[PDB]
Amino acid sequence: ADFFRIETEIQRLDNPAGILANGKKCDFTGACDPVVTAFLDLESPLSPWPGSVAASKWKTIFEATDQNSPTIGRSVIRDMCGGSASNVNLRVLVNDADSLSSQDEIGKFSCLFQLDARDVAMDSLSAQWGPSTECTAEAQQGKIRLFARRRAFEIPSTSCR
């Protein structure tokens, strides 16, 4: 397919200890205040975090106060127009809201998804969501966890943004 939509979903964050990537408690309370930014990387999906485009340019997808393990259920959508792509990386940064610039992040996650022919449905109604997939973290792997899933489907060229 040369014109298709990639839909990814940040399903949830699970941080039962209430800790940052350096292993210390959020705000030294363990009462984390997650701010989730994200970017769907089609140009450098196999490169080190953060890929093609710096996290400073990412849009905010979700905020909560005093939620260690929030349900998120928010989508990050990009179109591939005029040709093929074989993978895409949903890059996610989670900070605590407090001392944004200074406190270590909660996490740096890479949700790498394949886009083989079988992964791109002929249309949105026949698209199947892939399974809930644990994103790869720079630190605290299996202690601070992010879950995402993707679907993809052909769209008319005139709707390909």
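Residue positions are given as counts along the sequence shown, with the first one as 1.
- Looking at mean Cα B-factors across 129 to 137 and 95 to 103, the upper value is held by 95 to 103.
- The PDB entry reports B-factors from which the mean C-alpha value can be compared for 53 to 61 and 33 to 41; the larger average falls on 53 to 61.
- Residue 90: CA B factor in the lowest third of modelled residues in this chain (values from the PDB entry).
- Residue-level temperature factors show residue 151 in the middle third of its chain, judged at the C-alpha atom.
- The PDB entry assigns residue 24 a C-alpha temperature factor belonging to the highest third of its chain's modelled residues.
- Split the chain's modelled residues into thirds by C-alpha temperature factor. Residue 115 is in the highest one.
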